[PDB]
Each structure stands twice: as structure tokens, then as C-alpha cells.
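What follows is a single structure, written as C-alpha cells, with notes after it.
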Amino acid sequence: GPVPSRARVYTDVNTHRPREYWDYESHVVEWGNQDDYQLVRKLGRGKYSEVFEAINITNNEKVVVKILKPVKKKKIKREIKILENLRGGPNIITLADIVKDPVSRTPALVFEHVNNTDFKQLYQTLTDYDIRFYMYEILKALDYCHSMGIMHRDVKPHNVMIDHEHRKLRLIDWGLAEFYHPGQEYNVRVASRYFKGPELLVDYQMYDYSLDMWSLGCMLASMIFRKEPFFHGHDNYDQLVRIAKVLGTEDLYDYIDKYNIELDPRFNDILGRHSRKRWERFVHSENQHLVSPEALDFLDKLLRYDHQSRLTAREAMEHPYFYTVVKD
Ligand SMILES: COc1ccc(/C=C2\S/C(=N\c3ccccc3)NC2=O)cc1O
């Protein structure tokens, strides 16, 4: 069978919490007043919800209303409990309220509103310093939720709301997030394809917080190199082949050999043999201004096959890449 794995940090956080903290199936939702919130315009539709900009008429302030499509009560309470546990943490989106939507017949989460700059203007104009700044702001959020027993499992540009005017960042969409318990086997069908960690792509279920750091590396590579997404697979199989053309196939085999994992035989025809590449290969005159030796070394230490060898969020915040960022 496969070799078990545990997180190298925050391993026992949920163990020594009261069972109330992580036993989300037992959570009792405390409902607000649906009539306090007036929908203004639809902002998005996902597979699991729709999201609206709205007004809270008791303070005339804008809020964002996420009305869940029908989903199992378990998963609704999971998201709710996680939002409540993490509320007030650095750069975590704030759950303001929860109300019963009369039309949907499902819960509606009420969030703080972020005046977000949308993501193509952000991708096109963020400077070297801005990338470092916002990376640091993201690591603050990730170190907080990891220290609180929670992995996000869906880190990607669209879940990072930035109001670039006020240099304000918020990590959103906790609907895939889970509590980390040592030895617990999880569902590998999480994260968007381009940000899925190798552990997911080789069907290794006993993963942990370090999955978020792989996804964060994919975001970082897309920004400093100006290739979004960076690993652009046509499906989950070709996703792993795209990674292996950069990180090499020899270390991929070392990885699965360490955990006594076996690749799906369907890779036999498509994986090939690939050397590991130096990151300088992706540097050119149109992304040069975003690359430094520090950037490449930091990236290199995030994008590791072995989830156990990636930097933790806290370790990443110690990296020289962030020495130039003004600390508050
Ligand atoms: C414009 O400002 C905001 C925008 C979004 C959120 C929070 C969200 S959005 C979400 N899920 C989605 C996303 C896209 C489509 C459908 C559902 N989950 C969250 O927590 C908070 C904001 O202040």
C-alpha cells in the first residue's frame, strides 16, 4: 500500500482544539435577517453557488451575497464553520452574516465587499514590488489558516480579491477548504486544474497544507514569467506531463517511489523522459523586470514534487525575496 504522510507543521492543531471547533457537522447555524440585504447585481455563477453584489440597508454599506445552489448540508456547514473559525485573521474574507434565502431555499453567506480591480488589469500592471507585496499578503492568510487547522485547497488568482487602490487583499471562496487531521485521506478532486498539486495528480490522498504552497507557486510562476496559467494542461493527465517537462521525470519517479505510489498506466504512452530544467530558461526581455535570483530561488523551493519538501507558509515569509517589501 502507499506510505503514510503527515504535515511537518501544525500537525496536531485540531487534535488539541475542542471537538466543537472542527466537528462542523454538529454546528448550529445562527441565522440573520434576510430582509437586511438587497441584491443589486449578479457577479458570478459557479457550479455550487451564485454571487451577488448587494446592499445592507441597516448601514447602507455594500456587501457580497453568495447564495448556495443545493449541496449536501455537510459541505455547507464545513464552509460556514471554516469562515467562522478564521474570521478576523489576516487577509481572510470576513463572513458578516448568514441568512435563509426565500427563493433558493438554501443559505446565503453575506461577506464584506472588496472593491476588486479585476484580474486582467491586475495581471497586466502589477510591478515587481507589487508581486512581492501581494505574495506576502497571501502568505499571511495561508500561514493563518494553516495555523488554525485548515487548508484552503483552491488557491488561484480568481480567489485573491485585490483592491489595488488601498493595497488591500482578501483570500476568498472557502467552499473547498477542509480541516487537516493527521492520517486522514482526502478527496483529490480539488483545486482548478492548473493549480492542482502533484499529490492530487498521482491520486495520493493523505496530503496536507503543503498543497496550497504548490498552487501558490503556480500563481507566482505565472506572474514573474508572464505566462498564465504557467502549467497549461489540457486535462488532469496532460497537467502532470506539463509539470514533468519542467521538473523532470526522474524526480517524479523518486517522489512516487518514496510514497510507494504507482502512476496510472495511462501515463505509459504520454509521459516520456524529461530532464529537470533551470528556471532561467523561462526568462525573456518581456518578463525580465519581474525576475531576480531571489524570485527564482523562492519559486524553486515552492514547486517541489514531494509535498514534504515545499516551504511552509511561514518559511516562505522568511525568504530573501521579501527583504525589499516594506514591513508594517
Ligand atoms: C467583489 O467582492 C467580493 C467578491 C467575492 C467575495 C467572496 C466569495 S465569491 C465565492 N464564490 C464564487 C465565485 C465566483 C462565482 C461563483 C461563486 N466564494 C466567496 O467567499 C467577496 C467579495 O468582497
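Each answer follows from the model by the rule given with it, or from the source it names; nothing here is a laboratory result. Positions of Cβ are generated from backbone atoms using ideal geometry, with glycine treated the same way; all protein chains shown enter the neighbour counts.
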message = Quick check on my filter: what residues within the range 51-79 are buried (at least 18 other Cβ atoms within 10 Å of the Cβ) and within 11 Å of the ligand (Cβ to nearest atom)?
response = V51, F52, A54, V63, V64, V65, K66, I67, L68, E79
inquiry  = Can you tell me which condition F111 does not meet? The list is (1) among the aromatic types (F, W, Y); (2) more than 16 Å from the ligand (Cβ to nearest atom); (3) outside any helix (DSSP H, G or I), and all the others hold.
reply    = (2)
key: Tabulated pairs, the range 24-48, first of a type in the set (S, T, N, Q), second within 9 Å of the ligand (Cβ to nearest atom) and not in a loop (DSSP other than H, G, I, E, B), C-beta under 6 angstrom, 6+ apart or interchain   = none
key: Members of the range 112-135 that are aromatic (F, W, Y) and under 18 Å from the mean Cα position of the chain (by Cα)   = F119, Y123, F133, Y134
request  = Of the conditions (1) part of a loop (DSSP other than H, G, I, E, B); (2) out of contact with any strand residue (DSSP E or B) (no Cβ under 6 Å at 6 or more places or on another chain), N14 clears all except one; give me its number.
outcome  = (2)
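Residue-by-condition table, conditions (1) surrounded by fewer than 17 Cβ atoms within 10 Å (Cβ to Cβ); (2) on the phi > 0 side of the Ramachandran plot; (3) in the same structural domain as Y10 (by CATH); (4) not aromatic (F, W, Y):
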site	(1), (2), (3), (4)
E250	yes, no, yes, yes
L271	no, no, yes, yes
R276	yes, no, yes, yes
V291	no, no, yes, yes
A316	no, no, yes, yes
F322	no, no, yes, no
query = Just one of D154, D118, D163 is within 13 Å of the ligand (Cβ to nearest atom), closer than 24 Å to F52 by Cα and without any contact (Cβ under 8 Å) to a residue 12 or more places away in the chain; which is it?
reply = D118
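Would you confirm whether or not the range 39-52 contains a residue that is among the polar types (S, T, N, Q), farther than 20 Å from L176 by Cα and assigned to a strand (DSSP E or B)?
No: the range 39-52 contains no residue that is among the polar types (S, T, N, Q), farther than 20 Å from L176 by Cα and assigned to a strand (DSSP E or B).
Against the definition (more than 13 Å from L109 (Cα to Cα) and within 16 Å of the ligand (Cβ to nearest atom)), how does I82 come out, yes or no?
So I82 does not fit the description; no.
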message = I'd like to know if the range 181-195 contains one or more residues that are in contact (Cβ under 8 Å) with a residue 60 or more places away in the chain and of a type in the set (A, V, I, L, M).
response = no
